[PDB]
file input-v2.cif (mmCIF, C-alpha atoms and all ligand atoms)
data_data
loop_
_atom_site.group_PDB
_atom_site.id
_atom_site.type_symbol
_atom_site.label_atom_id
_atom_site.label_comp_id
_atom_site.auth_asym_id
_atom_site.auth_seq_id
_atom_site.Cartn_x
_atom_site.Cartn_y
_atom_site.Cartn_z
ATOM 1 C CA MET A 63 -2.295 -26.999 30.913
ATOM 2 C CA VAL A 64 -5.724 -26.628 32.531
ATOM 3 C CA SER A 65 -8.500 -29.176 32.023
ATOM 4 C CA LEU A 66 -11.126 -28.744 29.353
ATOM 5 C CA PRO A 67 -14.659 -28.466 30.718
ATOM 6 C CA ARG A 68 -17.353 -31.044 30.007
ATOM 7 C CA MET A 69 -18.396 -30.817 26.338
ATOM 8 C CA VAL A 70 -21.084 -32.600 24.333
ATOM 9 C CA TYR A 71 -20.245 -33.333 20.708
ATOM 10 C CA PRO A 72 -20.407 -36.253 18.222
ATOM 11 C CA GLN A 73 -18.141 -39.151 19.107
ATOM 12 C CA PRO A 74 -15.271 -39.528 16.630
ATOM 13 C CA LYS A 75 -15.542 -42.864 14.815
ATOM 14 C CA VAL A 76 -12.362 -44.864 14.417
ATOM 15 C CA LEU A 77 -13.622 -46.882 11.450
ATOM 16 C CA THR A 78 -15.088 -43.782 9.818
ATOM 17 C CA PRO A 79 -12.679 -41.218 8.399
ATOM 18 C CA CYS A 80 -14.030 -37.690 8.000
ATOM 19 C CA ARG A 81 -12.535 -37.095 4.579
ATOM 20 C CA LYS A 82 -11.747 -40.002 2.233
ATOM 21 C CA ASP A 83 -11.132 -37.786 -0.818
ATOM 22 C CA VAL A 84 -7.951 -36.079 0.396
ATOM 23 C CA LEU A 85 -4.787 -36.713 2.387
ATOM 24 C CA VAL A 86 -5.357 -35.367 5.915
ATOM 25 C CA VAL A 87 -1.960 -36.126 7.496
ATOM 26 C CA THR A 88 1.529 -35.782 5.971
ATOM 27 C CA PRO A 89 4.156 -38.610 5.983
ATOM 28 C CA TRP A 90 5.805 -36.829 8.953
ATOM 29 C CA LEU A 91 2.496 -36.904 10.871
ATOM 30 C CA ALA A 92 1.494 -33.280 10.504
ATOM 31 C CA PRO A 93 -2.247 -32.690 10.021
ATOM 32 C CA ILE A 94 -3.330 -31.203 6.652
ATOM 33 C CA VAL A 95 -6.195 -28.857 7.522
ATOM 34 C CA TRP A 96 -9.440 -29.382 5.600
ATOM 35 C CA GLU A 97 -13.028 -28.705 6.552
ATOM 36 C CA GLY A 98 -14.419 -31.777 8.328
ATOM 37 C CA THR A 99 -11.130 -32.726 10.023
ATOM 38 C CA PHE A 100 -11.535 -30.571 13.139
ATOM 39 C CA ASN A 101 -14.071 -29.750 15.826
ATOM 40 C CA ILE A 102 -13.610 -26.004 16.236
ATOM 41 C CA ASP A 103 -15.294 -25.966 19.644
ATOM 42 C CA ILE A 104 -12.639 -28.266 21.140
ATOM 43 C CA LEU A 105 -9.838 -26.248 19.512
ATOM 44 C CA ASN A 106 -11.301 -22.901 20.570
ATOM 45 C CA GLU A 107 -11.445 -24.160 24.152
ATOM 46 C CA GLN A 108 -7.837 -25.360 24.058
ATOM 47 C CA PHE A 109 -6.501 -22.096 22.682
ATOM 48 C CA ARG A 110 -8.711 -19.764 24.733
ATOM 49 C CA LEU A 111 -7.648 -21.524 27.934
ATOM 50 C CA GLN A 112 -4.083 -20.502 27.035
ATOM 51 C CA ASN A 113 -5.227 -16.910 26.325
ATOM 52 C CA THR A 114 -3.676 -17.174 22.899
ATOM 53 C CA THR A 115 -2.734 -13.966 21.060
ATOM 54 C CA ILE A 116 -2.321 -14.109 17.269
ATOM 55 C CA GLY A 117 -0.350 -11.526 15.312
ATOM 56 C CA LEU A 118 -1.367 -11.002 11.676
ATOM 57 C CA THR A 119 1.208 -9.231 9.519
ATOM 58 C CA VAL A 120 0.647 -7.633 6.145
ATOM 59 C CA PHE A 121 2.634 -5.348 3.909
ATOM 60 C CA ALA A 122 0.855 -2.588 2.031
ATOM 61 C CA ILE A 123 3.323 -0.655 -0.070
ATOM 62 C CA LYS A 124 2.538 1.887 -2.761
ATOM 63 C CA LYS A 125 -0.777 1.158 -4.471
ATOM 64 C CA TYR A 126 -1.476 -1.877 -2.302
ATOM 65 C CA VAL A 127 -2.741 0.334 0.497
ATOM 66 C CA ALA A 128 -6.015 0.231 -1.488
ATOM 67 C CA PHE A 129 -6.515 -3.420 -0.417
ATOM 68 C CA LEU A 130 -6.402 -2.727 3.322
ATOM 69 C CA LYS A 131 -10.014 -1.773 3.943
ATOM 70 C CA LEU A 132 -11.531 -4.986 2.583
ATOM 71 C CA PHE A 133 -8.721 -7.102 4.035
ATOM 72 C CA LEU A 134 -9.184 -5.767 7.557
ATOM 73 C CA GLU A 135 -12.963 -5.595 7.522
ATOM 74 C CA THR A 136 -13.237 -9.201 6.383
ATOM 75 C CA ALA A 137 -10.535 -10.307 8.847
ATOM 76 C CA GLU A 138 -12.780 -8.808 11.558
ATOM 77 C CA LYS A 139 -15.617 -11.087 10.485
ATOM 78 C CA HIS A 140 -13.595 -14.252 9.954
ATOM 79 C CA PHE A 141 -10.103 -14.318 11.423
ATOM 80 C CA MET A 142 -9.632 -15.722 14.924
ATOM 81 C CA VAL A 143 -12.915 -14.262 16.180
ATOM 82 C CA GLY A 144 -13.108 -14.708 19.940
ATOM 83 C CA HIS A 145 -9.333 -14.673 20.373
ATOM 84 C CA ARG A 146 -6.855 -11.859 20.950
ATOM 85 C CA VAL A 147 -5.574 -10.500 17.611
ATOM 86 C CA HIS A 148 -2.909 -7.921 16.902
ATOM 87 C CA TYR A 149 -2.678 -6.681 13.298
ATOM 88 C CA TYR A 150 0.674 -5.301 12.144
ATOM 89 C CA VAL A 151 0.433 -3.226 8.985
ATOM 90 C CA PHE A 152 3.789 -2.435 7.390
ATOM 91 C CA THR A 153 3.373 0.450 4.997
ATOM 92 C CA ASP A 154 5.106 3.390 3.345
ATOM 93 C CA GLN A 155 1.893 5.442 3.729
ATOM 94 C CA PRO A 156 0.730 5.440 7.383
ATOM 95 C CA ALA A 157 -1.891 8.134 6.738
ATOM 96 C CA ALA A 158 -3.429 6.003 3.987
ATOM 97 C CA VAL A 159 -4.311 3.137 6.352
ATOM 98 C CA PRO A 160 -8.135 3.060 6.532
ATOM 99 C CA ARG A 161 -9.908 3.552 9.862
ATOM 100 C CA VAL A 162 -11.428 0.103 10.406
ATOM 101 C CA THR A 163 -13.642 -0.635 13.398
ATOM 102 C CA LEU A 164 -12.242 -3.501 15.496
ATOM 103 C CA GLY A 165 -13.964 -5.955 17.816
ATOM 104 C CA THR A 166 -12.990 -6.124 21.476
ATOM 105 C CA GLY A 167 -9.574 -7.703 22.210
ATOM 106 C CA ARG A 168 -8.233 -6.800 18.784
ATOM 107 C CA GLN A 169 -5.744 -4.084 17.972
ATOM 108 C CA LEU A 170 -3.859 -2.682 15.032
ATOM 109 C CA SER A 171 -0.396 -1.183 14.812
ATOM 110 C CA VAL A 172 0.852 0.739 11.799
ATOM 111 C CA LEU A 173 4.593 0.303 11.204
ATOM 112 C CA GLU A 174 6.198 2.646 8.705
ATOM 113 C CA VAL A 175 8.815 1.171 6.395
ATOM 114 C CA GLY A 176 11.035 2.695 3.732
ATOM 115 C CA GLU A 197 12.076 -8.528 16.230
ATOM 116 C CA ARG A 198 11.869 -8.926 20.003
ATOM 117 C CA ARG A 199 8.645 -6.910 19.839
ATOM 118 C CA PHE A 200 6.700 -9.849 18.455
ATOM 119 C CA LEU A 201 8.083 -12.184 21.119
ATOM 120 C CA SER A 202 6.546 -10.130 23.899
ATOM 121 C CA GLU A 203 3.291 -9.251 22.143
ATOM 122 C CA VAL A 204 1.929 -12.357 20.436
ATOM 123 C CA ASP A 205 2.146 -16.152 20.684
ATOM 124 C CA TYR A 206 1.788 -16.916 16.979
ATOM 125 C CA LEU A 207 2.518 -14.954 13.846
ATOM 126 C CA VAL A 208 0.504 -15.347 10.638
ATOM 127 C CA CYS A 209 1.994 -13.694 7.532
ATOM 128 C CA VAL A 210 -0.204 -13.038 4.523
ATOM 129 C CA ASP A 211 -0.598 -11.086 1.285
ATOM 130 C CA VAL A 212 -2.870 -8.016 1.492
ATOM 131 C CA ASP A 213 -4.588 -8.308 -1.932
ATOM 132 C CA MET A 214 -6.980 -10.776 -0.407
ATOM 133 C CA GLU A 215 -10.233 -11.060 1.470
ATOM 134 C CA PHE A 216 -11.585 -13.464 4.066
ATOM 135 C CA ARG A 217 -14.835 -15.203 3.076
ATOM 136 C CA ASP A 218 -15.137 -17.833 5.777
ATOM 137 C CA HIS A 219 -13.677 -19.016 9.048
ATOM 138 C CA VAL A 220 -9.872 -18.884 9.505
ATOM 139 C CA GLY A 221 -9.216 -19.815 13.119
ATOM 140 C CA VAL A 222 -7.108 -21.596 15.667
ATOM 141 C CA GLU A 223 -7.141 -24.841 13.707
ATOM 142 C CA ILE A 224 -4.150 -23.354 11.793
ATOM 143 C CA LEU A 225 -2.023 -22.669 14.868
ATOM 144 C CA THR A 226 1.059 -24.827 15.411
ATOM 145 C CA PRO A 227 4.823 -24.259 15.667
ATOM 146 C CA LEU A 228 5.285 -23.954 11.872
ATOM 147 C CA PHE A 229 2.826 -24.083 8.978
ATOM 148 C CA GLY A 230 2.759 -23.665 5.241
ATOM 149 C CA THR A 231 -0.216 -23.554 2.842
ATOM 150 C CA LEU A 232 -0.732 -25.612 -0.300
ATOM 151 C CA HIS A 233 -0.536 -23.345 -3.354
ATOM 152 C CA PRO A 234 -3.958 -23.531 -5.109
ATOM 153 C CA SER A 235 -2.531 -24.095 -8.586
ATOM 154 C CA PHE A 236 -0.318 -27.055 -7.672
ATOM 155 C CA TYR A 237 -1.953 -29.196 -5.007
ATOM 156 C CA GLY A 238 -2.688 -31.893 -7.583
ATOM 157 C CA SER A 239 0.658 -31.609 -9.406
ATOM 158 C CA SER A 240 3.513 -34.103 -9.505
ATOM 159 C CA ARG A 241 6.699 -32.759 -7.879
ATOM 160 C CA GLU A 242 8.513 -32.570 -11.220
ATOM 161 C CA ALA A 243 5.979 -29.908 -12.292
ATOM 162 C CA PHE A 244 6.405 -27.760 -9.155
ATOM 163 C CA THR A 245 8.003 -24.424 -10.005
ATOM 164 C CA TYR A 246 10.822 -24.773 -7.460
ATOM 165 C CA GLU A 247 14.145 -23.078 -8.164
ATOM 166 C CA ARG A 248 15.956 -25.664 -10.361
ATOM 167 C CA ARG A 249 19.434 -24.127 -10.742
ATOM 168 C CA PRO A 250 21.982 -25.726 -8.367
ATOM 169 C CA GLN A 251 23.731 -22.345 -8.143
ATOM 170 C CA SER A 252 20.862 -21.029 -5.991
ATOM 171 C CA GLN A 253 20.394 -21.640 -2.270
ATOM 172 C CA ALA A 254 16.735 -22.383 -3.053
ATOM 173 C CA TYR A 255 17.655 -25.250 -5.389
ATOM 174 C CA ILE A 256 15.472 -28.369 -5.176
ATOM 175 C CA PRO A 257 16.074 -31.186 -7.683
ATOM 176 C CA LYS A 258 13.344 -33.026 -9.558
ATOM 177 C CA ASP A 259 13.350 -36.066 -7.251
ATOM 178 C CA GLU A 260 12.757 -34.023 -4.084
ATOM 179 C CA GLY A 261 9.780 -32.129 -2.699
ATOM 180 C CA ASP A 262 6.650 -32.835 -0.681
ATOM 181 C CA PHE A 263 4.360 -29.965 -1.722
ATOM 182 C CA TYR A 264 4.502 -26.559 -3.354
ATOM 183 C CA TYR A 265 3.716 -24.008 -0.624
ATOM 184 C CA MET A 266 2.470 -20.512 -1.492
ATOM 185 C CA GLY A 267 4.326 -17.548 -0.111
ATOM 186 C CA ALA A 268 1.063 -15.687 0.567
ATOM 187 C CA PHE A 269 0.126 -17.516 3.780
ATOM 188 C CA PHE A 270 2.533 -19.032 6.302
ATOM 189 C CA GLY A 271 3.055 -18.760 10.035
ATOM 190 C CA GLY A 272 3.734 -20.478 13.332
ATOM 191 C CA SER A 273 5.058 -19.583 16.744
ATOM 192 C CA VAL A 274 6.988 -16.326 16.815
ATOM 193 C CA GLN A 275 10.217 -18.265 17.368
ATOM 194 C CA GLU A 276 9.677 -20.508 14.340
ATOM 195 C CA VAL A 277 8.566 -17.701 12.063
ATOM 196 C CA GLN A 278 11.645 -15.646 12.934
ATOM 197 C CA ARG A 279 13.856 -18.709 12.327
ATOM 198 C CA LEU A 280 12.255 -19.111 8.912
ATOM 199 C CA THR A 281 12.491 -15.455 7.916
ATOM 200 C CA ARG A 282 16.115 -15.254 9.083
ATOM 201 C CA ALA A 283 17.047 -18.350 7.077
ATOM 202 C CA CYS A 284 15.366 -17.088 3.905
ATOM 203 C CA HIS A 285 16.918 -13.633 4.294
ATOM 204 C CA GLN A 286 20.401 -15.128 4.659
ATOM 205 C CA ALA A 287 19.840 -17.484 1.695
ATOM 206 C CA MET A 288 18.609 -14.631 -0.474
ATOM 207 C CA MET A 289 21.708 -12.590 0.431
ATOM 208 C CA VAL A 290 23.999 -15.461 -0.570
ATOM 209 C CA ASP A 291 22.128 -15.730 -3.883
ATOM 210 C CA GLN A 292 22.380 -11.977 -4.517
ATOM 211 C CA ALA A 293 26.142 -12.116 -3.873
ATOM 212 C CA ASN A 294 26.357 -14.920 -6.437
ATOM 213 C CA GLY A 295 24.408 -12.926 -9.004
ATOM 214 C CA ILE A 296 21.320 -15.101 -9.049
ATOM 215 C CA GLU A 297 17.687 -14.505 -8.103
ATOM 216 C CA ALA A 298 15.379 -17.456 -7.400
ATOM 217 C CA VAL A 299 12.628 -17.983 -9.989
ATOM 218 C CA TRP A 300 9.864 -17.166 -7.515
ATOM 219 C CA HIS A 301 11.850 -15.051 -5.078
ATOM 220 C CA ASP A 302 10.917 -15.419 -1.400
ATOM 221 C CA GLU A 303 8.485 -18.216 -2.243
ATOM 222 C CA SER A 304 11.292 -20.323 -3.749
ATOM 223 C CA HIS A 305 13.248 -19.966 -0.501
ATOM 224 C CA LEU A 306 10.162 -20.675 1.641
ATOM 225 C CA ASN A 307 9.791 -23.940 -0.302
ATOM 226 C CA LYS A 308 13.418 -24.918 0.232
ATOM 227 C CA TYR A 309 13.056 -24.160 3.962
ATOM 228 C CA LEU A 310 9.857 -26.188 4.400
ATOM 229 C CA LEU A 311 11.391 -29.107 2.495
ATOM 230 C CA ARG A 312 14.270 -29.261 5.016
ATOM 231 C CA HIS A 313 12.252 -28.200 8.108
ATOM 232 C CA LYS A 314 8.922 -29.981 7.870
ATOM 233 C CA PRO A 315 5.900 -27.913 8.893
ATOM 234 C CA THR A 316 3.908 -29.169 11.880
ATOM 235 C CA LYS A 317 0.601 -28.438 10.058
ATOM 236 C CA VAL A 318 -0.135 -27.868 6.377
ATOM 237 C CA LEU A 319 -3.142 -25.773 5.357
ATOM 238 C CA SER A 320 -5.285 -26.988 2.444
ATOM 239 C CA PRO A 321 -6.115 -24.644 -0.492
ATOM 240 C CA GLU A 322 -9.312 -23.654 1.332
ATOM 241 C CA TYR A 323 -6.938 -21.183 3.014
ATOM 242 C CA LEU A 324 -5.512 -19.627 -0.158
ATOM 243 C CA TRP A 325 -7.759 -19.675 -3.221
ATOM 244 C CA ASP A 326 -8.394 -17.655 -6.391
ATOM 245 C CA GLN A 327 -11.973 -18.269 -7.500
ATOM 246 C CA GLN A 328 -11.748 -16.310 -10.731
ATOM 247 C CA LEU A 329 -8.767 -18.378 -11.812
ATOM 248 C CA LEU A 330 -9.721 -21.780 -10.430
ATOM 249 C CA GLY A 331 -13.421 -21.913 -9.724
ATOM 250 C CA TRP A 332 -14.832 -23.982 -6.854
ATOM 251 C CA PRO A 333 -13.740 -27.647 -7.110
ATOM 252 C CA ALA A 334 -15.617 -30.373 -5.268
ATOM 253 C CA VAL A 335 -12.657 -30.944 -2.946
ATOM 254 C CA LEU A 336 -13.161 -27.483 -1.355
ATOM 255 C CA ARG A 337 -16.084 -27.397 1.072
ATOM 256 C CA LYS A 338 -15.219 -23.831 1.978
ATOM 257 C CA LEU A 339 -13.330 -20.950 0.324
ATOM 258 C CA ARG A 340 -11.825 -19.149 3.320
ATOM 259 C CA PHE A 341 -9.285 -16.594 2.147
ATOM 260 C CA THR A 342 -9.249 -15.567 -1.487
ATOM 261 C CA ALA A 343 -7.511 -13.387 -4.038
ATOM 262 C CA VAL A 344 -9.099 -10.038 -4.811
ATOM 263 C CA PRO A 345 -9.620 -9.887 -8.633
HETATM 264 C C1 LIG B 1 -3.390 -15.589 -14.730
HETATM 265 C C2 LIG B 1 -2.116 -15.889 -13.966
HETATM 266 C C3 LIG B 1 -1.939 -17.389 -13.537
HETATM 267 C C4 LIG B 1 -0.979 -17.771 -12.304
HETATM 268 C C5 LIG B 1 -1.212 -19.222 -11.712
HETATM 269 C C6 LIG B 1 -0.056 -19.820 -10.893
HETATM 270 O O1 LIG B 1 -0.012 -18.880 -9.767
HETATM 271 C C7 LIG B 1 1.267 -18.290 -9.589
HETATM 272 O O2 LIG B 1 2.194 -19.327 -9.208
HETATM 273 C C8 LIG B 1 3.528 -18.825 -9.068
HETATM 274 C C9 LIG B 1 4.434 -20.021 -8.865
HETATM 275 O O3 LIG B 1 4.473 -20.827 -10.036
HETATM 276 C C10 LIG B 1 3.577 -17.822 -7.922
HETATM 277 O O4 LIG B 1 3.189 -18.451 -6.709
HETATM 278 C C11 LIG B 1 2.609 -16.677 -8.227
HETATM 279 O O5 LIG B 1 2.581 -15.780 -7.127
HETATM 280 C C12 LIG B 1 1.200 -17.221 -8.507
HETATM 281 O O6 LIG B 1 0.342 -16.153 -8.955
HETATM 282 C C13 LIG B 1 -0.478 -15.586 -7.977
HETATM 283 O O7 LIG B 1 -1.378 -16.535 -7.398
HETATM 284 C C14 LIG B 1 -2.356 -17.081 -8.322
HETATM 285 C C15 LIG B 1 -3.163 -18.101 -7.557
HETATM 286 C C16 LIG B 1 -3.217 -15.951 -8.905
HETATM 287 O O8 LIG B 1 -3.955 -15.319 -7.861
HETATM 288 C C17 LIG B 1 -2.303 -14.943 -9.592
HETATM 289 O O9 LIG B 1 -3.072 -13.865 -10.101
HETATM 290 C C18 LIG B 1 -1.270 -14.417 -8.588
HETATM 291 O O10 LIG B 1 -0.375 -13.539 -9.243
HETATM 292 O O1 LIG B 2 3.552 -2.630 -4.879
HETATM 293 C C1 LIG B 2 3.472 -3.632 -4.163
HETATM 294 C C2 LIG B 2 3.741 -5.116 -4.599
HETATM 295 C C3 LIG B 2 3.557 -6.122 -3.482
HETATM 296 N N1 LIG B 2 3.176 -5.768 -2.163
HETATM 297 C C4 LIG B 2 3.003 -6.799 -1.094
HETATM 298 O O2 LIG B 2 3.588 -8.045 -1.504
HETATM 299 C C5 LIG B 2 2.552 -9.069 -1.625
HETATM 300 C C6 LIG B 2 2.958 -9.962 -2.834
HETATM 301 O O3 LIG B 2 2.543 -9.327 -4.028
HETATM 302 P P1 LIG B 2 1.367 -9.644 -5.015
HETATM 303 O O4 LIG B 2 0.121 -9.816 -4.196
HETATM 304 O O5 LIG B 2 1.379 -8.573 -6.082
HETATM 305 O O6 LIG B 2 1.824 -11.058 -5.586
HETATM 306 P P2 LIG B 2 0.937 -12.205 -6.258
HETATM 307 O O7 LIG B 2 0.041 -12.849 -5.234
HETATM 308 O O8 LIG B 2 0.325 -11.531 -7.431
HETATM 309 O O9 LIG B 2 1.988 -13.336 -6.676
HETATM 310 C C7 LIG B 2 1.254 -8.250 -1.768
HETATM 311 O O10 LIG B 2 0.101 -8.967 -1.298
HETATM 312 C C8 LIG B 2 1.523 -7.137 -0.777
HETATM 313 O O11 LIG B 2 1.341 -7.545 0.574
HETATM 314 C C9 LIG B 2 2.941 -4.432 -1.816
HETATM 315 O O12 LIG B 2 2.603 -4.122 -0.656
HETATM 316 N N2 LIG B 2 3.098 -3.459 -2.809
HETATM 317 HG HG HG B 3 5.546 -12.251 9.289
HETATM 318 HG HG HG B 4 3.594 -12.113 4.105
HETATM 319 HG HG HG B 5 13.524 -13.300 2.311
HETATM 320 HG HG HG B 6 10.840 -17.425 3.813
HETATM 321 MN MN MN B 7 -1.017 -11.622 -3.704
#

call {"tool": "encode", "arguments": {"input": "input-v2.cif", "output": "structure tokens", "more": "lines below"}}
Ligand SMILES: CCCCCCO[C@@H]1O[C@H](CO)[C@H](O)[C@H](O)[C@H]1O[C@@H]1O[C@@H](C)[C@@H](O)[C@@H](O)[C@@H]1O
Ligand SMILES: O=c1ccn([C@@H]2O[C@H](COP(=O)(O)OP(=O)(O)O)[C@@H](O)[C@H]2O)c(=O)[nH]1
Ligand SMILES: [Hg+2]
Ligand SMILES: [Hg+2]
Ligand SMILES: [Hg+2]
Ligand SMILES: [Hg+2]
Ligand SMILES: [Mn+2]
result
Amino acid sequence: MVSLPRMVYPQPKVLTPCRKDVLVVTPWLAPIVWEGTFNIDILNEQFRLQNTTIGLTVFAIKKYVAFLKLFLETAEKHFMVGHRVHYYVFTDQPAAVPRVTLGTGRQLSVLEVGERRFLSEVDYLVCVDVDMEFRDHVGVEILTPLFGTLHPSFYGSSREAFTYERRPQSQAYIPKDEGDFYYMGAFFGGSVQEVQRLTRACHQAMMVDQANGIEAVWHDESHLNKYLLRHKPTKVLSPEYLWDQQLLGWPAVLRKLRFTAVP
């Protein structure tokens, strides 16, 4: 709404693309987020002027509570620093959640397991796996109504090789001649409204499948892929945002490894 203040930064050059080695915009005109495609100062200004609050949700059930300390401490160094952040930790062991020191404007809620809340508390929801650590900047460049992340093992694969659910009997079914990308279930998000629409659709689809005695090959991730095929994401995150260095190394196409699998 409000005007940006005067800012001094390099002029963007029309006849000079930032990245020539990768696709930076999808066929439906959604940016694909890679290092070099965004000026974080301009984006931070835009989002701070709106007093943006980001919710970060993670599940830590059974032995996975062990991953919380590193996850949260690294999120404090790299995730949305400067912005309001609300962590939501869903766990079966509330007393096992580590006591992590948080920066100002950041809070954590422990929710025991064994909603309209989000609508009134945050503007965007980011949903990720907990067996991970942040190694570099993950900020407002990802925020948009609905986003998915390119799975690190398939970003260079032909659609026929994607491990989508291939049985027509499943709600997650995607035939061999369809598909844009293979999105990983470990990192998705968007506005609260869009994330709840997505989770509701996948939940209903999974219930239909269960009633028909079938379980999608990659569970929730198969359904996330069917949803994002039919409801195109407004931004797509590159594999910089979901990487496994032990498994895949550090390819030239990745200028930064931002959020990675814990060995
Ligand atoms: C040594 C195991 C190799 C797995 C590589 C492909 O990753 C898996 O892809 C499937 C879909 O085909 C699922 O998305 C699954 O969750 C992925 O495995 C997980 O992510 C990879 C990157 C790696 O960190 C594995 O250890 C994870 O289990
Ligand atoms: O005992 C378990 C198994 C899974 N998870 C949660 O479900 C996510 C998906 O599981 P996992 O990381 O094992 O899957 P992978 O990335 O290996 O495919 C984990 O990050 C956790 O957030 C959990 O909390 N406890
Ligand atoms: Hg979520
Ligand atoms: Hg998640
Ligand atoms: Hg689901
Ligand atoms: Hg989903
Ligand atoms: Mn995981």

call {"tool": "resolve_selection", "arguments": {"input": "input-v2.cif", "expression": "the PyMOL selection byres (((chain A and resi 215-219) around 10) and not hetatm)", "output": "number ranges by chain"}}
result
A: 129-143, 211-214, 220-223, 322-324, 338-344

call {"tool": "atom_distance", "arguments": {"input": "input-v2.cif", "atom1": "atom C16 of ligand LIG 1 (chain B)", "atom2": "CA of residue 326 (chain A)"}}
result
6.0 Å

call {"tool": "resolve_selection", "arguments": {"input": "input-v2.cif", "expression": "the PyMOL selection byres (((chain A and resi 300) around 10) and not hetatm)", "output": "PyMOL selection string"}}
result
chain A and resi 245-247+254+267+297-299+301-307

call {"tool": "residues_around", "arguments": {"input": "input-v2.cif", "residues": "residue 101 (chain A)", "least_positions_apart": "5", "cutoff": "12 Å", "atoms": "only C-alpha atoms", "output": "PyMOL selection string"}}
result
chain A and resi 69-74+80+95-96+106-108+221-223

call {"tool": "write_last_selection", "arguments": {"input": "input-v2.cif", "atoms": "C-alpha atoms", "output": "mmCIF file, in the frame of the given file"}}
result
data_model
loop_
_atom_site.group_PDB
_atom_site.id
_atom_site.type_symbol
_atom_site.label_atom_id
_atom_site.label_comp_id
_atom_site.auth_asym_id
_atom_site.auth_seq_id
_atom_site.Cartn_x
_atom_site.Cartn_y
_atom_site.Cartn_z
ATOM 1 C CA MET A 69 -18.396 -30.817 26.338
ATOM 2 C CA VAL A 70 -21.084 -32.600 24.333
ATOM 3 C CA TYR A 71 -20.245 -33.333 20.708
ATOM 4 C CA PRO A 72 -20.407 -36.253 18.222
ATOM 5 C CA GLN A 73 -18.141 -39.151 19.107
ATOM 6 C CA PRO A 74 -15.271 -39.528 16.630
ATOM 7 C CA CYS A 80 -14.030 -37.690 8.000
ATOM 8 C CA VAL A 95 -6.195 -28.857 7.522
ATOM 9 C CA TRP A 96 -9.440 -29.382 5.600
ATOM 10 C CA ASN A 106 -11.301 -22.901 20.570
ATOM 11 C CA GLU A 107 -11.445 -24.160 24.152
ATOM 12 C CA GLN A 108 -7.837 -25.360 24.058
ATOM 13 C CA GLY A 221 -9.216 -19.815 13.119
ATOM 14 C CA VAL A 222 -7.108 -21.596 15.667
ATOM 15 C CA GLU A 223 -7.141 -24.841 13.707
#

call {"tool": "resolve_selection", "arguments": {"input": "input-v2.cif", "expression": "the PyMOL selection byres (((not hetatm)) within 12 of (chain B and resi 4))", "output": "MDAnalysis selection string"}}
result
chainID A and resid 117:122 150:152 207:214 230 266:271 277 281 302:303 306

call {"tool": "axis_aligned_box", "arguments": {"input": "input-v2.cif", "around": "ligand LIG 2 (chain B)", "padding_each_side": "3 Å", "output": "lines of an AutoDock Vina configuration file"}}
result
center_x = 1.9
center_y = -8.0
center_z = -3.4
size_x = 9.7
size_y = 16.7
size_z = 14.0

call {"tool": "closest_residue", "arguments": {"input": "input-v2.cif", "among": "A:244, A:170, A:250, A:109", "to": "residue 205 (chain A)", "atoms": "all atoms listed in the file"}}
result
A:109

call {"tool": "closest_residue", "arguments": {"input": "input-v2.cif", "among": "A:280, A:311, A:329, A:293", "to": "ligand HG 6 (chain B)", "atoms": "all atoms listed in the file"}}
result
A:280

call {"tool": "atom_distance", "arguments": {"input": "input-v2.cif", "atom1": "CA of residue 158 (chain A)", "atom2": "CA of residue 325 (chain A)"}}
result
27.0 Å

call {"tool": "atom_distance", "arguments": {"input": "input-v2.cif", "atom1": "CA of residue 103 (chain A)", "atom2": "CA of residue 86 (chain A)"}}
result
19.4 Å

call {"tool": "closest_residue", "arguments": {"input": "input-v2.cif", "among": "A:265, A:206, A:332, A:126", "to": "residue 227 (chain A)", "atoms": "all atoms listed in the file"}}
result
A:206

call {"tool": "closest_residue", "arguments": {"input": "input-v2.cif", "among": "A:327, A:295, A:149, A:287", "to": "residue 309 (chain A)", "atoms": "only C-alpha atoms"}}
result
A:287

call {"tool": "closest_residue", "arguments": {"input": "input-v2.cif", "among": "A:94, A:84, A:175, A:283", "to": "residue 315 (chain A)", "atoms": "all atoms listed in the file"}}
result
A:94

call {"tool": "closest_residue", "arguments": {"input": "input-v2.cif", "among": "A:294, A:320, A:113, A:278", "to": "ligand HG 5 (chain B)", "atoms": "only C-alpha atoms and all ligand atoms"}}
result
A:278

call {"tool": "residues_around", "arguments": {"input": "input-v2.cif", "residues": "region 237-242 of chain A", "least_positions_apart": "6", "cutoff": "8 Å", "atoms": "only C-alpha atoms", "output": "list in words"}}
result
residues 258, 259, 260, 261, 262, 263, 264 and 321 of chain A
